[PDB]
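Written below as structure tokens is the structure these notes are about.
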Amino acid sequence: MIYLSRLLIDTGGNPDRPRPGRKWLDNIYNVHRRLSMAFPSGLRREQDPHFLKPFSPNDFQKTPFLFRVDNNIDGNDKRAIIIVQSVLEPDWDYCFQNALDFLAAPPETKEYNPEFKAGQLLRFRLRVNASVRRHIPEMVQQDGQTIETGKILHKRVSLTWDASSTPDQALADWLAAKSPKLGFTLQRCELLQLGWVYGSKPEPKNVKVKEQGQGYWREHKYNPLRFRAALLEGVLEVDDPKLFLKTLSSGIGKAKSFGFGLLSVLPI
Amino acid sequence: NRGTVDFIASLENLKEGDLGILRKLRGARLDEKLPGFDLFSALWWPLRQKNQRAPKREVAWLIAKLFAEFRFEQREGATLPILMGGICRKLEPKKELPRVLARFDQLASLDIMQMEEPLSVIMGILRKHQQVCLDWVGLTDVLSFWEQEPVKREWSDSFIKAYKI
Amino acid sequence: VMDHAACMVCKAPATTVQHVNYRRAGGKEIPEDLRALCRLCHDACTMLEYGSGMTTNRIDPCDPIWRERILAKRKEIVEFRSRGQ
Amino acid sequence: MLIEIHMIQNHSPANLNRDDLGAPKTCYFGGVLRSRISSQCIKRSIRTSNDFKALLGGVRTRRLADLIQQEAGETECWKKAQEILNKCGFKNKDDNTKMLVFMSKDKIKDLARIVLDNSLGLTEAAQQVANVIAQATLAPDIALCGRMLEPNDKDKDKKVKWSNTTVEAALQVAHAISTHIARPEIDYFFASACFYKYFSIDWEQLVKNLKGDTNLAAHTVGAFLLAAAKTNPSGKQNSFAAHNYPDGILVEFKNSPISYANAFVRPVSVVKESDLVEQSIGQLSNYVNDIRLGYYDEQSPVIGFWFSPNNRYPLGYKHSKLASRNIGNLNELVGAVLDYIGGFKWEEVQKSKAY
Amino acid sequence: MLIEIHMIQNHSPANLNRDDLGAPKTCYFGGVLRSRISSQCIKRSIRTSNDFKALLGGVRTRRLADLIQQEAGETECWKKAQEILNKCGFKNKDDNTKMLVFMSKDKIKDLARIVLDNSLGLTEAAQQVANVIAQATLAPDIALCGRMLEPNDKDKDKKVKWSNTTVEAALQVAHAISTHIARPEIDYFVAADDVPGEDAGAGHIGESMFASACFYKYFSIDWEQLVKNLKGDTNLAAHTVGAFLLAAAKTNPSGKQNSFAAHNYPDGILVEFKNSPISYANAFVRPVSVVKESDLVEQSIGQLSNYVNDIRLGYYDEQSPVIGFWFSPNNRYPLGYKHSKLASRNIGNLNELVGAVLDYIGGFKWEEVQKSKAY
Amino acid sequence: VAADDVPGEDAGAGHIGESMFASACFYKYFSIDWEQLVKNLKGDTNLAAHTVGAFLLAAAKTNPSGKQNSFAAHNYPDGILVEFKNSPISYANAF
Amino acid sequence: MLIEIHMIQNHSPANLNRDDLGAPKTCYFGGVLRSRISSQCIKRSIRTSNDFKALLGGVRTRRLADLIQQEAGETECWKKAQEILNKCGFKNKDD
Ligand SMILES: [Zn+2]
């Protein structure tokens, strides 16, 4: 019981007119917020029928979901798609009823109920996060001297593959290291895109307190976010089919709310 | 009144494409035909930022549309009542003069929002006699304070002074 | 902060704030009648206010009325505004 | 007069050239969607190659003051040097100079000589660096691509009057397009693609830009042809092995430049997906024949050379000849091009190098 | 009698004509967007072409004093030349004329002679300059493009009369519009940095534009007006007609050809000799939509053949017949498969088409008229 | 723009400006009174018939001569309705 | 008996009729903007056409003295002619 939805984002076509779709896709945090906005529980749907209200994050269901933004070529054109997998029914009607300029085509919701056993060859294509935690973290490197401010800063930083090692093989063995826990096997994994994605979160702070109440003289700070990204496809061999359903319903990665994690599997 | 001078000078600096854009919008609102809204916003907004004073939005819009339709060289000392009196003096004193004077005196009864056509007939009579100048700055300044009684008093008095000589 | 840095109409990230209920401006500013907006929705609302009438009151988002005209202005802004200005 | 190269060759898309969203570059031709390799990607992949490193003279830098750090006496090649250019025409904006300067690598030292001293004061050293920046034209790839450089005169303190700092391009590169429809990859609810590349080089303009250096021009033409033949057009900075040689190469000596992209307006559709390039060859062949019987001129005949590996694919009308040769080697093809151009040979022109 | 040229062309992805912002020029025809190449661009491409080099006898310039000084050797006369061009009613603005002047090159030396004589007063010299400028119009350049010169009145000295300056045009180039719905495309580009830095990428970031289309072109040459404009010369008129046909058949606009190189050739040409000028652009009111069997070019050729046959059978006249030549490269695309041969001759090579054009115009031989030239 | 034919130090243009244009499908309407034309032509009928025929042929095959040296829109009409009736009617209310 | 012509004609991008500024002539019909060719322009295009060459008899001119002298062929009548034109009710102004 997995809803495999699909979006057809309306990008630009003239870099002299406003193109809100590309600007929206430029920031991953706004993409995540807009995708999460499609889940009104019982209050935002019935009280306001036109989404003309101030935004309240507590008014939306905290339903876990995965999404990957990518591109495809069907028969005569190139389309930017956002494949979204979720366990609750997505309310795309409530999401773009005011911002229909964002979307080029009406969305789709097709049920995905796979009954997959082991030992059958299947093909896949997923985008994954490529961060590791260094048990020996390098110091702060204060740029005036580039030695140290503190000593230890345990940080998710980057997956580094030696000096002359190939990146695709390194990513393949890194995935195959955790593959027995998940329950598949790789033979011809390949790397297509390897880069970074960027975002910015508000994360409000406080500066001054009111003359008669709480610290409502507060303003908005801004915390940037960076993510190392890999996109990889190939074929996987199914083992222990109980676990593969959990991996399909959960996703492989550490940034499942920022694109990485969704795995799309097709039969041979 | 330097803001009005800058507004009129920017109006004279306009090319022919946006002049045609404004010409096509005669008698219209400001909420349709987006190029007109963008051009008017580009014309009027920098005045408020630097200069503390600025002409009213309705007055500026009316002046821009009238300038687009009735392009006249801005010249100091060519106020509308004086030219109207000079035209009225060289008229038949029995039939044409009461009609044209009634069309002129209709103007000092309405608000800014309804002066377009009663001003356009006046500019048409001016263009009929081949005028080449009009004081847009003085007309804008008078139209700004159109609710003050001495303003209308001086308007009528200037017309009568130009008519009599 | 209070509208969570989002537009009221198109729910895009906010850019500025529209000053509805222009009464008590400058010295008695209460951060309640103000409403956060993006650049396109604010430009559309200013287009609607410049046209028609204009008094001390303004055009307030979250109203079920004026939504269709705001969306039409959004369409016109998207398909007609030239950045070369 | 002009040397034009029409080649077809199969590549592996989705890892060659992308846009800001990561999508592979595609275009519309003949009403149908085709894969596209951009021209500037090609014009750089020749430059940063193992066959163009023999000359590779010229840097399109942005941090020119930092380039004087790597050739500096003790420390004088800093802010004093930076504000010499900053006052001249290039606002630094945190030592970035806010502009791209295309200028030859083997001219920094004299530039350092301009700034290492202290005899000159304000704006005279600026004129001294400006004239030597304008003069720095001798470069085998600057002459190929050309340069436009307009300094900002808002911050210029006058008396820095320039010469004509503009180089005409001697090379014209089209956009590579696929001879068939774009490959539809698997869509949820390892296929190569042929490509037609077209290049044109003006011999007279190339000679004039290098101020009568036909030996260096011939070396540039040969190195350019080799680099275009056996390099991967990308920016991935990896996988340098020439795993896919150019299957078809036709070189033509013409006065009026022509593009044979109209041979593939109708897509070369085959369900076999194996002999596709061969069929593509036939299509191109037919169009060339039509051209030589459509726009035939007697006072200006054309002469060409054809190459396929091991002479596997003929070019002409099955048996009737179209190109004067059936060369089955890259080096022999470059030798024929060289001796038809100027009676030269690859051994003679290899000794003249920029670097 | 007229000479009418209708062309079908196909273009590889390029940007041959841009506006003040960079986007390719477009238009609307039948309610759908179409890519457009302006008529002035096509006329400049023909006039500044290699095949039209032998007849480039006119110059449209603002820097007339530079040419006057180049004609002579003495420097100081240039100064006086500007003053001679000032009382003539032309004005100055940072050491050039305020308005462009179009004139034949071959007479410019006579202009210099007017400045070379120090015995002539300024008013009389200005009047002589006005006379030689107004009369110097015999060149194939202006012949087809015409001229319209308006001397300044607020600056001109008195007693400087002006003769007739307007030249009636003999060319009626239409705008070039595609035969289908246009598909403009963006192109993201960066500028890489050759020296490593602390950060990544650097350089410049931009988004250019390009489009590909199949176009329809129109040219119309009034034979009598061209002959009258050239003061009765027929050999020069035939040479101009042949050079124009060869240039417009084999030239492209030079817009962004260093990065797109769309040097394609036309693949269908219709040359007609009628008494009233007609346009077959109404064939493409319905846009050409490609299908799986045919391609884009042959579909446009079929629609053009349909419209041409319908027009010929509809607006037929008995006292005035038409004679048409149809050219395709080696008969790659015949003028329609269904209808009759709508051409007195079907030609597979361009040189025979030009020869037959000269034959029908006046029976002129090719090499006979190549001796007649202006520059 | 108006390119300058002479090279210089700045590579500028002689002139910069704009023009406007539009393509369109037009409806045109002519009406002729036969009796009034015959009365105006002093009882002549052959000249009146010549006038009607030449008017039809000219209005079906002639275009305005405004900016045709740059646009050249010599398009023939793709439909003509010729009516004979006792009162003048115009079908411009269709569109 | 009235004879009427109704024509539908397509037109590729052009500027057939202009105004003071240079914009193509427009008009409002049915609440929307249209493209307009003035009836005076159509009448003039019909009148001075090739199919109406054999019928162009009249002339509308302010230079009747020049036509009178051209039909006469002698000089000194011309000035006298304008004096005659000053007595019939045609006051001359600048030749
Ligand atoms: Zn908004």
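Residue names in the structure tokens use chain letters A, B, ... in the order shown, residue numbers from 1 in each chain, and ligand numbers from 1 in the order shown.
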List every residue of chain A that has an atom at most 12 Å from any atom of ligand 1, giving for each one its closest atom pair and the distance in Å to one decimal, counting only C-alpha atoms and all ligand atoms, sorted by chain and then by ascending residue number, as JSON lines.
{"residue": "A:20", "atom": "CA", "partner": "ligand 1", "partner_atom_place_in_ligand_line": "1 (Zn)", "distance": 10.1}
{"residue": "A:52", "atom": "CA", "partner": "ligand 1", "partner_atom_place_in_ligand_line": "1 (Zn)", "distance": 11.1}
{"residue": "A:98", "atom": "CA", "partner": "ligand 1", "partner_atom_place_in_ligand_line": "1 (Zn)", "distance": 9.2}
{"residue": "A:99", "atom": "CA", "partner": "ligand 1", "partner_atom_place_in_ligand_line": "1 (Zn)", "distance": 8.5}
{"residue": "A:100", "atom": "CA", "partner": "ligand 1", "partner_atom_place_in_ligand_line": "1 (Zn)", "distance": 11.9}
{"residue": "A:101", "atom": "CA", "partner": "ligand 1", "partner_atom_place_in_ligand_line": "1 (Zn)", "distance": 11.3}
{"residue": "A:102", "atom": "CA", "partner": "ligand 1", "partner_atom_place_in_ligand_line": "1 (Zn)", "distance": 11.9}
Pull C-alpha atoms from the residues just selected and write them as a short mmCIF file (atom, residue, chain, number, x, y, z; two decimals), in the first residue's frame.
data_model
loop_
_atom_site.label_atom_id
_atom_site.label_comp_id
_atom_site.auth_asym_id
_atom_site.auth_seq_id
_atom_site.Cartn_x
_atom_site.Cartn_y
_atom_site.Cartn_z
CA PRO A 20 8.41 30.64 -10.09
CA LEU A 52 -6.34 31.55 2.28
CA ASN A 98 -3.58 28.72 -5.53
CA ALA A 99 -0.15 28.16 -7.10
CA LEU A 100 -1.14 26.30 -10.28
CA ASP A 101 1.55 28.27 -12.15
CA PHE A 102 4.06 25.88 -10.55
#
Do me a favour and pick out the residues of chain A within 9 Å of chain E, using only C-alpha atoms, as a VMD selection string. chain A and resid 12 to 16
Test item, helix (DSSP H, G or I) assignment across chain F, answer as a PyMOL selection string: chain F and resi 34-40+46-59+91-94
Run DSSP on the backbone and give me the residues of segment 55-165 of chain D it puts in strand (DSSP E or B), as a ChimeraX atom specification. /D:59-61,101-103,147-148
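Nearest-residue note for chain B: choosing from F:20, F:94, F:11, F:48, the minimum distance belongs to F:20, counting only C-alpha atoms.
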Please return, as a PyMOL selection string, all residues of chain F lying within 12 Å of chain D when only C-alpha atoms are considered. chain F and resi 7-11
Would you mind exporting N, CA and C atoms of the selected residues as a PDB file, in the first residue's frame?
ATOM      1  N   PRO F   7      34.147  51.782 -40.359  1.00  0.00           N
ATOM      2  CA  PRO F   7      34.703  51.378 -39.065  1.00  0.00           C
ATOM      3  C   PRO F   7      35.138  52.581 -38.243  1.00  0.00           C
ATOM      4  N   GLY F   8      35.101  52.411 -36.925  1.00  0.00           N
ATOM      5  CA  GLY F   8      35.476  53.479 -36.021  1.00  0.00           C
ATOM      6  C   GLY F   8      36.231  52.998 -34.801  1.00  0.00           C
ATOM      7  N   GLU F   9      36.129  53.746 -33.703  1.00  0.00           N
ATOM      8  CA  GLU F   9      36.805  53.403 -32.461  1.00  0.00           C
ATOM      9  C   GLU F   9      35.877  52.789 -31.422  1.00  0.00           C
ATOM     10  N   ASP F  10      34.573  52.749 -31.686  1.00  0.00           N
ATOM     11  CA  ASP F  10      33.601  52.289 -30.702  1.00  0.00           C
ATOM     12  C   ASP F  10      32.678  51.187 -31.193  1.00  0.00           C
ATOM     13  N   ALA F  11      32.569  50.968 -32.508  1.00  0.00           N
ATOM     14  CA  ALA F  11      31.703  49.941 -33.099  1.00  0.00           C
ATOM     15  C   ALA F  11      30.244  50.116 -32.677  1.00  0.00           C
TER      16      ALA F  11
END
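Atom CA of residue 26 of chain D to atom CA of residue 187 of chain E spans 9.7 Å [interatomic distance, one decimal].
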Residues of chain C that approach chain E to 10 Å or less, counting only C-alpha atoms: could you list each one with the shortest pair of atoms and its distance in Å to one decimal, rows by chain and increasing residue number, as CSV?
residue,atom,partner,partner_atom,distance
C:82,CA,E:21,CA,9.8
C:83,CA,E:21,CA,9.5
C:84,CA,E:21,CA,7.0
Kindly save the residues from that selection, with N, CA and C atoms included, as a compact mmCIF listing (two decimals), in the first residue's frame.
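So the final result, stored in selection-v9.txt, reads:
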# COMPACT_ATOMS: atom_id res chain seq x y z
N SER C 82 8.48 41.99 -18.01
CA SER C 82 9.81 41.82 -18.58
C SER C 82 10.85 42.30 -17.57
N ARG C 83 11.81 41.43 -17.26
CA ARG C 83 12.83 41.77 -16.27
C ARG C 83 13.80 42.84 -16.76
N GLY C 84 13.86 43.08 -18.06
CA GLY C 84 14.74 44.10 -18.59
C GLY C 84 14.22 45.51 -18.37
Spatial neighbours of residue 118 of chain A, 7 Å, only C-alpha atoms, chain gap at least 3 places, as number ranges by chain: A: 238-241
Considering only C-alpha atoms, give me a table of residues in chain E that are at most 10 Å from chain G, with the closest atom pair and distance in Å for each, as a Markdown table.
| residue | atom | partner | partner_atom | distance |
| --- | --- | --- | --- | --- |
| E:27 | CA | G:13 | CA | 7.5 |
| E:28 | CA | G:13 | CA | 7.4 |
| E:29 | CA | G:12 | CA | 6.2 |
| E:30 | CA | G:10 | CA | 8.4 |
| E:174 | CA | G:14 | CA | 8.8 |
| E:175 | CA | G:13 | CA | 7.7 |
| E:176 | CA | G:13 | CA | 9.8 |
| E:177 | CA | G:13 | CA | 9.1 |
| E:275 | CA | G:50 | CA | 9.8 |
| E:276 | CA | G:50 | CA | 8.9 |
| E:279 | CA | G:12 | CA | 9.2 |
| E:281 | CA | G:12 | CA | 7.2 |
| E:282 | CA | G:10 | CA | 7.3 |
| E:285 | CA | G:10 | CA | 8.7 |
Limited to C-alpha atoms, could you put the picked residues into a file as a CSV table (one decimal), in the first residue's frame?
chain,number,residue,atom,x,y,z
E,27,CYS,CA,5.8,37.0,-34.4
E,28,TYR,CA,2.2,35.8,-34.7
E,29,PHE,CA,0.7,34.4,-37.9
E,30,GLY,CA,-2.6,32.6,-37.7
E,174,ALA,CA,9.1,40.4,-46.6
E,175,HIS,CA,9.8,39.2,-43.1
E,176,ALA,CA,10.9,35.5,-42.8
E,177,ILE,CA,8.5,33.4,-40.7
E,275,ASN,CA,2.2,41.5,-63.4
E,276,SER,CA,0.8,41.7,-59.9
E,279,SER,CA,2.3,36.0,-51.6
E,281,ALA,CA,2.5,32.8,-47.1
E,282,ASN,CA,-1.2,31.9,-46.5
E,285,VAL,CA,-1.8,29.6,-41.7
With only C-alpha atoms considered, list every residue of chain F at most 6 Å from chain E, as a list in words. residues 4, 5, 23, 69, 70, 71, 72, 74 and 75 of chain F
Selected residue of minimal separation from chain D among E:328, E:70, E:235, E:15, counting only C-alpha atoms: E:328
Set the cut-off to 8 Å and count only C-alpha atoms: what are the residues of chain A that reach chain D? Output as a VMD selection string. chain A and resid 4 to 6 70 to 78 110 192 to 193 264 266
Using only C-alpha atoms, which residues sit within 7 Å of residue 134 of chain D once same-chain residues fewer than 2 positions away are excluded, as a PyMOL selection string? chain D and resi 130-132+136+163+165
